[PDB]
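Data first, discussion second: the structure below is written as structure tokens.
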There are 2 protein chains.
Amino acid sequence: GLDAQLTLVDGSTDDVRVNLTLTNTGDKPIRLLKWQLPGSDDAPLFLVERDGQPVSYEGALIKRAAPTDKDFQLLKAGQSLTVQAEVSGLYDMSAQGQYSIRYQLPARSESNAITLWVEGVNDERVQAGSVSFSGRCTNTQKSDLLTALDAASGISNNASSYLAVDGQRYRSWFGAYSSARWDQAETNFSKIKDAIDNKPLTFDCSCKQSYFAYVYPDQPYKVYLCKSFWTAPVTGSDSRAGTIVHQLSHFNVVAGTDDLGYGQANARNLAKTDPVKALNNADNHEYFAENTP
Amino acid sequence: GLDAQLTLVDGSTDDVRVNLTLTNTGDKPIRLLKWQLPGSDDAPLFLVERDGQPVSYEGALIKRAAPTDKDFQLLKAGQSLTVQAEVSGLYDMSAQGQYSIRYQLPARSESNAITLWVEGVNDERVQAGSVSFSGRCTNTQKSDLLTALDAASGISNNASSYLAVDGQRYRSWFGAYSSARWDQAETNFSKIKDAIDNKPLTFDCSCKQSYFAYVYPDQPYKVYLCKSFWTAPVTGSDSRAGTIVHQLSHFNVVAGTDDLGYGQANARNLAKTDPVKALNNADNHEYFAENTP
Ligand SMILES: [Zn+2]
Ligand SMILES: [Zn+2]
């Protein structure tokens, strides 16, 4: 027969990783549908409950045709296959509480349940402004993102306060003074602040490219984080907080900023060279907010 | 110096491919910022105008740090590099008319302009219901998708009409009759029809996986098409039209269908075995609408 044993992995992030051992206890090989083994494609393979109530599935749903021979994994007689899954990135395990997790048996009926207390992401934005996730953001990621968002709120309020008392910081990132350009920058930060505070934001963690993040400017307010987001400091230069300000600025409904080159020296040269371009550049907005130093 | 020559590629799809030749005409190697050469990462590298007016950039915007040595491409003295780009997937070239396209010179100022008449995607949905795109859908793709959408509308109206006169087709895909389950199916198709007709749909062409499509059920109404969408027939079994019905059915605001296995035999067994599961399965909805035969 087919035996499925789930065990919790011990670690010190807030992620919820599990080891699933599937074992052919019979005497002839069996075939397991690969789409129903945990892996890089999303499917709802687990029953996740908090305090006896099902939580949301948070992954994608795929159309696949009927499977063919190539779609099945062979397990020999006696043989075990162990696969690890991170569960918090595919089910909503954001609320604190006692959870049970079982795996459903793949096509050729459940593992044991495991149970654990989950600290959760203790934030009203995840339970006007809200924050949702996709692309397998784990509890640690979600928590890191909310942290980054509060930091971003801190620097976007600080930018906005600076701009409300109508100037080196402005000079550095936006160039020679004009009231029209200052009012424009102030309007941009007002809208960035209003998105941080009040809009339905979405962060996605699927991107593995080496840069920081990307958005589609006509698809508010979903920000895709990439590898350099995670390696960046929460605050300071080219920081997580600053990245959020950068990316939010691109949305057509926020500030419609452009990509007019990349980096601090680029940004400084724009300011010195062509204030109108600086006013239209995401980086200049980020660096004005980061104000580091 | 650096010379940039753009030429149009002749072909018989509606895509707009161009060959960009960059040439170091000087005597020492030069370095070209790779991020500003056309490639797999989106940036707005071209000036695209229709009838002398700029059209929208339709690609993503990325945060990158200042570039380092590794980010520059070397071009030797005398040397040319030719790179091809498809332009309709990154700028809005959906309206019929006369277009000019120039490339902006990368960091180390424009190519010649090329001009061409573009047939466009001649559809009010792209100019209540609308259709937007991301993930580099070309004019041919956009046109194929609108075609598929009209086909999907055809089969979703036909499903809805069938369900309005209150039964083999129902039996095949939804199992034994009950008024509650029939009303539920009718409500599901009413909402699928209303999304096809009246909602802001988004199709994305970036996915290269071998299956048909995927959605996030909490991210309406963006459908990601994958390789099997393009190889599928427009109508019939496992068709483009049917895929759209499948995927739209998954959205929480449409019909909240599940992924309860994959394929026609799966679907038929659900119906025979467990009508409540069939009523909750995307495929059963697709196959009921495809009704092939
Ligand atoms: Zn599906
Ligand atoms: Zn950017």
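All heavy atoms count here, side chains included; hydrogens, waters and symmetry mates do not. When a ligand or atom number is given, it counts from 1 through the structure's own listing order. So you know, we letter chains A, B, ... as the sequences are listed, proteins then strands, and number each from 1.
One finds the CZ atom of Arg102(A) at 12.5 Å from the CZ atom of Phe46(A) (value rounded to the nearest 0.5 Å). The distance from the CG atom of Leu260(B) to the CG atom of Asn266(B) is 7.5 Å, given to the nearest 0.5 Å.
Nearest approach of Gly261(B) to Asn281(B), heavy atoms of both residues: O-OD1, 4.1 Å.
With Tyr162(B) as reference, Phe288(B) is the one residue of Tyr170(B), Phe174(B), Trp173(B), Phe288(B) to meet the ring-ring contact (aromatic ring centres under 6.0 Å, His included) rule.
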**Asked** Could you go step by step and tell me if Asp144(B) and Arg240(B) meet the salt bridge (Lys or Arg N to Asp or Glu O under 4.0 Å) rule?
**Response** CA-CA 9 Å; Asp144(B) 280 359; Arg240(B) 292 181 183 180; 3.8 Å; yes
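Within the structure, ring pair (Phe, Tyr, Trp, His ring centres under 6.0 Å) pairs that include any residue of residues 247-270 of chain B comprise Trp35(A)-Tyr262(B), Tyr221(B)-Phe251(B), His246(B)-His250(B) (at least two apart or interchain).
Protein N, O or S atom count below 2.8 Å of the Zn ion (ligand 1): the structure gives 2.
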